[PDB]
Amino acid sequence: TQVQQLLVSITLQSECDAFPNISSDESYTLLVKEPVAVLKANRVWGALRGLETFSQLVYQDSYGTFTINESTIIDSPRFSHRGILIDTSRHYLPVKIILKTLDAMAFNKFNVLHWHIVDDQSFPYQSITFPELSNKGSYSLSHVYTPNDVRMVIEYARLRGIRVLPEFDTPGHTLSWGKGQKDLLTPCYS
């Protein structure tokens, strides 16, 4: 009656310290049995997906008893690019709500955060080589993503098997770029 353990077996080079990419292997199998359940996956990426599925199989019965059915699951994604686009130019989004979105993405097996980071209305990306882009283009100084904010989002995403795809849109959608980079934008005669 008791599942005492969920053992996790990675079969090939784990890719534990790597960033995920388009071809990352997200396949896994999950064998739920007593006394030891087993999650097997080629890489880390598949184990992450399998942990999510395992958690969706455990439930509490009417008396509060944690229960799970003996089962076998074989799973792998139909498509490898599964994205959510967020836009932090039209409105600044605090780092916390980006981290929450990544948590929700993991629960849904989404693997790409398409970060539409800048646009016409504001330029929150703080550039090291070009400090004036954000200093003059952001909505205010508290509506900026520091190098450390960016690293945090990237790392937080990586820990859930999520790729961070940055979008720096050009040549259109660049009005905020012109505040800090002089002579970049075309002046309009009218």
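Residue indices: 1-based, along the sequence shown.
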item: Mean Cα B-factor comparison, 126-134 or 40-48, giving the higher one as deposited; value: 126-134
item: Of 181-189 and 4-12, the one with larger mean CA B-factor; value: 181-189
item: Top residue by Cα temperature factor, when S140, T53, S27, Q121 are compared in the entry; value: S140
item: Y63 - Cα temperature factor, lowest/middle/highest third of chain; value: highest
item: Modelled-residue ranking by C-alpha temperature factor, third containing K96; value: highest
item: Record-listed C-alpha B factor of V153: chain third; value: middle
item: Assigned third (lowest, middle, highest) for the C-alpha B factor of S23; value: highest
